[PDB]
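**Q** Residue numbers (PDB author numbering), protein chains in the order written: chain B, 5 to 144, 153 to 233; chain A, 5 to 145, 151 to 233; chain D, 5 to 144, 153 to 232; chain C, 5 to 145, 152 to 232; chain C', 5 to 145, 152 to 232. A prime marks a further copy of an entry chain.
The structure's right below; bear with me while I get my questions together.
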Amino acid sequence: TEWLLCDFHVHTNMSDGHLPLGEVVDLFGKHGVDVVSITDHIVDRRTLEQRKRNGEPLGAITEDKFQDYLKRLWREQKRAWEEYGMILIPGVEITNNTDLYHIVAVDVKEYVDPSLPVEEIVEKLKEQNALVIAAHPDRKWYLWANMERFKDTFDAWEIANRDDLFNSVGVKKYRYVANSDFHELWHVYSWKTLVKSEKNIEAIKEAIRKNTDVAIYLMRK
Amino acid sequence: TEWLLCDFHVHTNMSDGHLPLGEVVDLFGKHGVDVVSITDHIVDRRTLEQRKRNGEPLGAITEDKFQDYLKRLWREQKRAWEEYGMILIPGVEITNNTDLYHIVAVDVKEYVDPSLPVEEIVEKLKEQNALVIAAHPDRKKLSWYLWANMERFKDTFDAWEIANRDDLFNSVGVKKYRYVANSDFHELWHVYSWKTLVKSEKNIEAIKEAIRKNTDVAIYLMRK
Amino acid sequence: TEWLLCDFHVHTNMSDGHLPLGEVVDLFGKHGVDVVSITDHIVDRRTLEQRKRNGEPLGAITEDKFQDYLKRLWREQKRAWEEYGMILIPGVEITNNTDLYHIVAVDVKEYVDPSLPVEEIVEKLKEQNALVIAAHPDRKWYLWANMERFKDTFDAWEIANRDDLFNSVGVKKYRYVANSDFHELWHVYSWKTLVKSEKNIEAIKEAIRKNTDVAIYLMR
Amino acid sequence: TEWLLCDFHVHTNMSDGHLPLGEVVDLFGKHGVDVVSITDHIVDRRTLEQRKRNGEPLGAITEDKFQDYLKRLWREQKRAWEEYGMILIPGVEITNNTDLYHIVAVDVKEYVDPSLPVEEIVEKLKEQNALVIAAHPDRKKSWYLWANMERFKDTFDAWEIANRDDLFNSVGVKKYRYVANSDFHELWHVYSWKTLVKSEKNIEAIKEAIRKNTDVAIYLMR
Amino acid sequence: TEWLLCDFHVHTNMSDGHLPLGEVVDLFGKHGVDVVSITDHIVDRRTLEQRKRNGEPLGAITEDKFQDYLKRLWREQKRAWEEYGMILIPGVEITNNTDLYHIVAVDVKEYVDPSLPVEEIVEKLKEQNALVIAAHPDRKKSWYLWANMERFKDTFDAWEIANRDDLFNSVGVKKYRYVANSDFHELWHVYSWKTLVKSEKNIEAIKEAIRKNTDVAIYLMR
Ligand SMILES: [Cl-]
Ligand SMILES: [Cl-]
Ligand SMILES: [Cl-]
Ligand SMILES: [Cl-]
Ligand SMILES: [Cl-]
Ligand SMILES: [Cl-]
Ligand SMILES: [Cl-]
Ligand SMILES: [Cl-]
Ligand SMILES: [Cl-]
Ligand SMILES: [Cl-]
Ligand SMILES: [Cl-]
Ligand SMILES: [Cl-]
Ligand SMILES: [Cl-]
Ligand SMILES: [Zn+2]
Ligand SMILES: [Zn+2]
Ligand SMILES: [Zn+2]
Ligand SMILES: [Zn+2]
Ligand SMILES: [Zn+2]
Ligand SMILES: [Zn+2]
Ligand SMILES: [Zn+2]
Ligand SMILES: [Zn+2]
Ligand SMILES: [Zn+2]
Ligand SMILES: [Zn+2]
Ligand SMILES: [Zn+2]
Ligand SMILES: [Zn+2]
Ligand SMILES: [Zn+2]
Ligand SMILES: [Zn+2]
Ligand SMILES: [Zn+2]
Ligand SMILES: [Zn+2]
Ligand SMILES: [Zn+2]
Ligand SMILES: [Zn+2]
Ligand SMILES: [Zn+2]
Ligand SMILES: [Zn+2]
Numbered sequence: 005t006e007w008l009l010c011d012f013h014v015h016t017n018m019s020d021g022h023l024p025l026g027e028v029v030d031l032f033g034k035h036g037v038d039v040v041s042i043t044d045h046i047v048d049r050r051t052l053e054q055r056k057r058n059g060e061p062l063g064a065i066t067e068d069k070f071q072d073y074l075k076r077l078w079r080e081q082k083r084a085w086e087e088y089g090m091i092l093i094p095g096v097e098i099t100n101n102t103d104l105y106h107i108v109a110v111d112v113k114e115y116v117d118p119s120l121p122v123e124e125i126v127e128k129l130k131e132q133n134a135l136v137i138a139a140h141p142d143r144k153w154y155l156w157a158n159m160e161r162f163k164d165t166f167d168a169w170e171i172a173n174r175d176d177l178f179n180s181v182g183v184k185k186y187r188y189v190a191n192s193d194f195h196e197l198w199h200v201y202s203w204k205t206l207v208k209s210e211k212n213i214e215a216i217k218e219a220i221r222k223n224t225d226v227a228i229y230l231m232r233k
Numbered sequence: 005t006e007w008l009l010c011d012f013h014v015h016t017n018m019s020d021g022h023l024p025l026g027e028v029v030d031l032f033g034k035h036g037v038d039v040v041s042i043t044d045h046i047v048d049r050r051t052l053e054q055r056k057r058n059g060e061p062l063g064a065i066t067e068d069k070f071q072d073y074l075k076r077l078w079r080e081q082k083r084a085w086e087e088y089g090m091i092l093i094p095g096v097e098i099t100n101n102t103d104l105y106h107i108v109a110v111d112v113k114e115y116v117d118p119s120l121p122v123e124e125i126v127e128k129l130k131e132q133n134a135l136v137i138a139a140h141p142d143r144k145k151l152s153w154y155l156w157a158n159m160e161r162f163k164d165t166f167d168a169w170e171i172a173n174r175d176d177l178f179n180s181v182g183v184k185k186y187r188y189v190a191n192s193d194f195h196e197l198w199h200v201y202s203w204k205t206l207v208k209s210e211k212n213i214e215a216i217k218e219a220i221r222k223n224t225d226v227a228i229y230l231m232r233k
Numbered sequence: 005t006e007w008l009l010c011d012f013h014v015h016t017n018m019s020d021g022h023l024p025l026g027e028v029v030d031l032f033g034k035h036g037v038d039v040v041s042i043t044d045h046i047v048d049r050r051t052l053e054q055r056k057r058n059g060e061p062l063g064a065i066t067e068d069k070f071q072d073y074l075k076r077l078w079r080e081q082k083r084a085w086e087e088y089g090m091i092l093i094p095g096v097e098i099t100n101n102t103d104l105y106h107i108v109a110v111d112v113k114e115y116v117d118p119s120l121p122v123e124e125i126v127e128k129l130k131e132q133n134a135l136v137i138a139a140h141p142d143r144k153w154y155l156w157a158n159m160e161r162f163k164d165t166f167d168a169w170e171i172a173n174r175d176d177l178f179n180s181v182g183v184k185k186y187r188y189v190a191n192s193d194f195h196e197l198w199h200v201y202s203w204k205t206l207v208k209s210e211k212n213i214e215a216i217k218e219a220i221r222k223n224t225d226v227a228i229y230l231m232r
Numbered sequence: 005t006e007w008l009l010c011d012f013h014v015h016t017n018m019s020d021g022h023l024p025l026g027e028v029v030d031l032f033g034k035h036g037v038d039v040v041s042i043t044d045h046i047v048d049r050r051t052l053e054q055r056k057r058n059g060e061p062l063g064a065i066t067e068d069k070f071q072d073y074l075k076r077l078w079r080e081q082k083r084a085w086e087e088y089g090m091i092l093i094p095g096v097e098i099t100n101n102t103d104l105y106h107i108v109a110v111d112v113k114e115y116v117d118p119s120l121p122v123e124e125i126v127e128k129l130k131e132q133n134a135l136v137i138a139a140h141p142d143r144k145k152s153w154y155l156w157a158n159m160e161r162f163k164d165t166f167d168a169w170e171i172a173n174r175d176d177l178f179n180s181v182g183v184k185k186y187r188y189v190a191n192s193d194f195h196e197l198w199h200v201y202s203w204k205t206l207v208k209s210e211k212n213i214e215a216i217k218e219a220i221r222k223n224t225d226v227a228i229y230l231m232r
Numbered sequence: 005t006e007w008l009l010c011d012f013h014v015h016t017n018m019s020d021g022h023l024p025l026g027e028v029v030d031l032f033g034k035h036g037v038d039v040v041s042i043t044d045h046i047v048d049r050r051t052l053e054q055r056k057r058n059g060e061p062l063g064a065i066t067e068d069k070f071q072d073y074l075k076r077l078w079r080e081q082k083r084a085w086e087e088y089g090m091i092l093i094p095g096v097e098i099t100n101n102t103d104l105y106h107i108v109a110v111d112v113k114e115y116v117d118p119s120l121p122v123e124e125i126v127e128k129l130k131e132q133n134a135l136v137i138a139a140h141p142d143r144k145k152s153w154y155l156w157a158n159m160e161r162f163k164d165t166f167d168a169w170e171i172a173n174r175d176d177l178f179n180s181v182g183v184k185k186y187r188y189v190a191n192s193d194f195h196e197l198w199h200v201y202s203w204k205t206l207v208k209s210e211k212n213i214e215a216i217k218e219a220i221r222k223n224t225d226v227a228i229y230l231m232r
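Below, the structure is given as structure tokens:
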């Protein structure tokens, strides 16, 4: 166990990020990030159809393309490791804009319908042995309004996002992670998670879940 | 360079803490803290006179007793190391309650008058090779002088408290200032608090260097 | 705020243009351009060494002369202003003909090695508070093959050059500018940039970066 | 003379657009377009007969209804100006799908038969003091106008150098007079290339400016 | 051409000012100064050696760090304009405490050795297209420039007629070209004499206006 620099909340142009998968990997890799998870949006059906009909970009991975999406991440795991000794973890941001809950899952293997209740989504992700994070809206909300309700539900809560800290997770002593919520280049510099863990995916998930050796770290230019 | 667990803002019953020094050291050592600074209060003359006048406790080390205070900590350095492999750094909290600024000095050697202007205090502390932290008032707390004037003091402090007890102060992070996180310990239960994790060799000069540079510094919430 | 006529991509005989600096400045001045950047080439070493070897002209400012070049441009800012109320901005075209990227920097202060990676080059230009443009090759290329990758990299992309529009910039809704890529007198008639901005260098760079009040205009 | 943002090529559900007239106006108004022309289709006889015959929608304003169509637009001129300070100009798209020329006319007052020769159409429109633009087929879609550009060099006040999200290099390379429009049918077509023109904010001044074409730029609304 | 409020003589903690660069900029920005030049000291060799030797602070930017100093100022040009619409101009105070001439240069691009003769300094600065001002010693403080005014009649673009809260009648009585600045080191020095100049809001226009000196006034900010 050394301390690893991690970012569990990162988007590409496969959903609504600015940048291609390869480039997001090169950026984080060249900046010494040890562990990154790609968490592109899957979206509730209302939101997706609202976008289709207004001719807006979907900004999401469709259920039909989700397998092809994970396949791209499976392949990038290889490049990320061989080129940077970086651990890339396939994930997803389960994004419900109708009921206003965004849930990040790390080490996902199957699509989960974002329109399902929070507990069913989470039970589904736990059946996949994914890590489950309550994401916090970025500075620029159902989970955060009902934190006591969801106390044993999530493995960790976002205490930090972009350049912002959220005192409510700390005050309640909840389990915490800190991520960039990356969409564009300059978001690479953000609060990150430092975790004391063997450098393998099961170990990393365990360490976040335990949350006894997890700190938050602000990466600056 | 392994990452070390650090708390640079800790008080004992020598100033206004609830607990005896020995007991504070034992508690931090048994909780596996790697670096602790004891930063008991020195307070401006006017505040002292006022407490003296109201017959309330001084809650501070007097100028006359400062070397005796340092002498207790130097002996505590020995025990801290022998019993826990812990680095105790003598420090102080320079407490101006008249003008409302609290400055934590880590690895202090000489008394400095808390009444002086901020930059005079800091220049004095730099001559001693002490690490100089801008302390944040705790949430159980007025408009505080350093925090109202952050841009003015940006090149004055080696670090600002981004966190204190169980609270985070987003202003530090938003501006990307150098940061530390401490307990501001007074009571048993303040041991469980935000702390600083720093990548550094386990020696006092190396630790101060790491904090000043502030590129391998994280914050860490110690829980029961 | 008035809309300004700008040309951010212009060469002189100090690199590979046909004309003297003074004459290029007058030409643009007299045709009523509000903002012009002189962007003479600096070239990667491999390409310089090749030309040296084949006895071909360098067509570039050498690293050693780069300050003397900018010096000439500082002096021309004074004259361009006094004579024509025109804003001349020192610039450069970072020309890598080994890996085929040309990068135009507006309000450049220091030489940047064109042999560096694109991202290193750009981060260096941003450190100088320069405006960074993806030059498109004239109709008579690594960046254009990799536009998605460089989306957050450039402040703007050439959507037009000489008399040619490049549909790919627009189709992608990328930030755009339009310039002459001037080398010859007749290149003064070309696609140019109309930008709504205060008439000052910082304001202009900001308005190109924002790109919300930027149009293209054909000078005939 | 400030620079006005303009769209001279917009359709409503009165021809083959998807949207109510009122909506179209509200959409352009609230996006800060200064000048809009509604240019619904009128269509050559042969095409209309063919459509009637196949039971297809006409997607055109009939000759019988043309004046009612203009009346709908005159009333919207008032609301466009009052609500948004926007100049709405009644126009039309003269649509010959038999010989393949689409001609956009801005500030139209009378119906003109799309089956007439290009040149006779343009003369009829110039007798009405209408601005006359050669419309370029949108990318999604051999066109007569565009195949015979030299023939029509002095025929049109302007050619479409841009349409929806596409640029057509042929107009610029020839250094012809140009405008850029949305060719709007669907809600999302409001984000398109548009024309930026330096002009007094009135319909005669505007038509004059496009015609001169020396203070005309194109502008991508995103 | 409206009248711009200007301060061409301001120091930061990078030389001997009390305040961070960012603060200085924020202070002038929020007080509505239109144009500021940061003019930290560069100092003659002999003075620097003397200071090193006495263990005093250098209170200067070294030749080695000059380009980094300018880089700090270029980045602040951007933030000054974006946050305040203020023009920040990189400058310098050429400080010869051996022969006693202080020369302020506005829009500087290269380091110039303060140990050079007055005239050689000014030529080097005019080769950079910098504006060149004779700085007047502040009152709190026999100076070469001021003792030899006739000698330097056509040497400087302007002389300091005012500094902090003091006016120097010698410049006006001679009817020389003038500017008025704060010579800022401490927070309270923002309230000082300043220059009001009728100019287009750009650095070349501004330098030209001061140089002509026919639309330049002095203004006490309180
Ligand atoms: Cl989020
Ligand atoms: Cl999001
Ligand atoms: Cl405190
Ligand atoms: Cl306290
Ligand atoms: Cl030690
Ligand atoms: Cl090119
Ligand atoms: Cl070229
Ligand atoms: Cl069409
Ligand atoms: Cl159509
Ligand atoms: Cl009218
Ligand atoms: Cl002075
Ligand atoms: Cl001084
Ligand atoms: Cl400027
Ligand atoms: Zn997103
Ligand atoms: Zn989200
Ligand atoms: Zn977000
Ligand atoms: Zn997100
Ligand atoms: Zn206390
Ligand atoms: Zn305190
Ligand atoms: Zn406290
Ligand atoms: Zn305290
Ligand atoms: Zn060339
Ligand atoms: Zn080129
Ligand atoms: Zn070229
Ligand atoms: Zn070129
Ligand atoms: Zn249609
Ligand atoms: Zn058509
Ligand atoms: Zn069409
Ligand atoms: Zn149409
Ligand atoms: Zn000074
Ligand atoms: Zn001086
Ligand atoms: Zn002075
Ligand atoms: Zn001075």
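Ideal placement from N, C-alpha and C gives every residue a C-beta, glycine not left out.
Can you tell me whether DSSP reads A/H35 as helix, strand or coil?
**A** Locating residue 35 of chain A in the second sequence gives position 31, counting from the first residue. Three-state result, A/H35: coil.
**Q** CB C'/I98 to CB C'/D111, shorter than 9 Å?
**A** Numbered from its first residue, the fifth sequence carries residue 98 of chain C' at position 94. Numbered from its first residue, the fifth sequence carries residue 111 of chain C' at position 107. Against a cut-off of 9 Å, the Cβ pair of C'/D111 and C'/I98 comes out as no contact.
**Q** DSSP on A/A64, reduced to helix/strand/coil?
**A** Here residue 64 of chain A refers to the residue found at position 60 when the second sequence is read from its first residue. Coil, per DSSP.
**Q** Give the C-beta separation of D/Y229 and D/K211 to the nearest angstrom, bearing in mind that I take them to be a contact with Cβ-Cβ under 8 Å.
**A** Taking the third sequence and counting its residues from 1, one reaches residue 229 of chain D at position 217. Taking the third sequence and counting its residues from 1, one reaches residue 211 of chain D at position 199. Actually they are not in contact, since the Cβ atoms of D/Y229 and D/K211 sit about 17 Å apart, beyond 8 Å.
**Q** Using a Cβ-based criterion (distance less than 8 Å to any ligand heavy atom), does C'/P141 qualify as near ligand 32?
**A** The residue labelled residue 141 of chain C' in the question sits at position 137 within the fifth sequence. Correct: C'/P141 has its Cβ closer than 8 Å to ligand 32.
**Q** Tell me whether the region 171-189 of chain C and the region 49-56 of chain C touch, counting them as touching only if at least three CB pairs, one residue from each stretch, are closer than 8 Å.
**A** no
**Q** Does the region 157-170 of chain A come into contact with the region 157-168 of chain B, if we say contact requires no fewer than three beta-carbon pairs (one atom in each stretch) closer than 8 Å?
**A** no
**Q** What is the chain-ordered set of residues for which the beta carbon lies under 6 Å from any non-hydrogen atom of ligand 14?
**A** Ordered along the chain, the selected set is B/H15, B/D20, B/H45, B/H195.
**Q** Please state if the CB of D/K208 and the CB of D/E6 are separated by a distance shorter than 9 Å.
**A** As a working mapping, residue 6 of chain D is identified with position 2 in the third sequence. As a working mapping, residue 208 of chain D is identified with position 196 in the third sequence. Yes; because the gap between Cβ atoms is below 9 Å, this pair is in contact.
**Q** Using a Cβ cut-off of 9 Å, pull out every chain C' residue sitting near D/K82, in sequence order please.
**A** To locate residue 82 of chain D, count along the third sequence from 1; it is residue 78. What D/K82 touches in chain C': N133, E214, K217, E218.
**Q** How do the region 181-195 of chain A and the region 215-229 of chain A stand: do at least 3 beta-carbon pairs fall below 8 Å, yes or no?
**A** They touch, by the three-pair rule.
**Q** Taking 8 Å as the cut-off, is the C-beta of B/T99 nearer than that to any heavy atom in ligand 15?
**A** Your numbering for residue 99 of chain B matches position 95 in the first sequence. Because some heavy atom of ligand 15 lies under 8 Å away, the Cβ of B/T99 counts as near it: yes.
**Q** Excluding the 5 residues preceding and the 5 following B/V200 in the sequence, name in chain order all residues of the same chain whose CB lies nearer than 7 Å to its CB.
**A** Walking along the first sequence from the start, residue 200 of chain B turns up at place 188. Contacts found: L31, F32, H35, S192, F194.
**Q** Taking C/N100 as the reference, which of C/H45, C/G59, C/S180, C/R76 has the closest Cα?
**A** In the fourth sequence, counting from the first residue as 1, residue 100 of chain C sits at position 96. The shortest C-alpha separation from C/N100 is found at C/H45.
**Q** Please list, in chain order, the residues of the region 103-124 of chain D that have any C-beta partner in chain C' closer than 8 Å.
**A** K113, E114
**Q** Measuring only between beta-carbons, confirm whether B/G21 sits less than 9 Å from chain C.
**A** Your numbering for residue 21 of chain B matches position 17 in the first sequence. Cβ-Cβ to chain C under 9 Å: no for B/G21.
**Q** Which same chain residues end up closer than 8 Å to C'/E123 when comparing Cβ atoms and leaving out the 5 residues on each side of it in sequence?
**A** For the purposes of this step, residue 123 of chain C' is taken as residue 119 along the fifth sequence, with counting starting at 1. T165.
**Q** Within this structure, are the beta carbons of C/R221 and C/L135 separated by less than 9 Å?
**A** Residue mapping note: residue 221 of chain C aligns to position 211 of the fourth sequence, counting from 1. Residue mapping note: residue 135 of chain C aligns to position 131 of the fourth sequence, counting from 1. Cβ atoms of C/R221 and C/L135: closer than 9 Å.
**Q** Residue ranges of each alpha helix (DSSP H) run of no fewer than 4 residues wholly in the region 174-217 of chain D, ordered along the chain?
**A** 179-183
**Q** In this structure, how does DSSP classify C'/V126 when only helix, strand and coil are distinguished?
**A** Locating residue 126 of chain C' in the fifth sequence gives position 122, where the first residue counts as 1. Here C'/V126 sits in helix by DSSP.
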